[PDB]
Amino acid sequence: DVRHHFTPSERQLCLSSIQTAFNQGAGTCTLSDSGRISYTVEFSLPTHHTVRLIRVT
């Protein structure tokens, strides 16, 4: 779980990507048999953020 490596600015960048993705309709939002909702997405951070994470990871 990369979250515990995220910069504060990196953490905001994710939230917005997740929001935007959720709002534009990317990813998969599923309502399960038992009524529980799941959301799943893939997105990109800018290259220079990724590399910094690829490094500490």
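The numbering used is simple: start at 1 and walk along the sequence shown.
K.L.:
Ranking every modelled residue in this chain by its Cα temperature factor as given in the entry, which third contains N23?
P.N.:
Its C-alpha B-factor, which the entry lists for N23, ranks in the lowest third among residues of this chain.
K.L.:
Going by what the PDB entry lists, where does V2 fall on CA B-factor within its chain: lowest, middle or highest third?
P.N.:
Answer is middle: the recorded C-alpha B-factor places it there.
K.L.:
Lowest, middle or highest third: where is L15 by C-alpha B factor in its chain?
P.N.:
For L15, the deposited C-alpha B-factor lands in the middle third.
K.L.:
Would you mind ranking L53 by its C-alpha B-factor against the rest of the chain and naming the third, lowest, middle or highest?
P.N.:
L53: CA B-factor falls in the lowest third of its chain.
K.L.:
Quick check for you: using the entry's CA B-factors within this chain, is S9 in the lowest, middle or highest third?
P.N.:
Answer is highest: the recorded C-alpha B-factor places it there.
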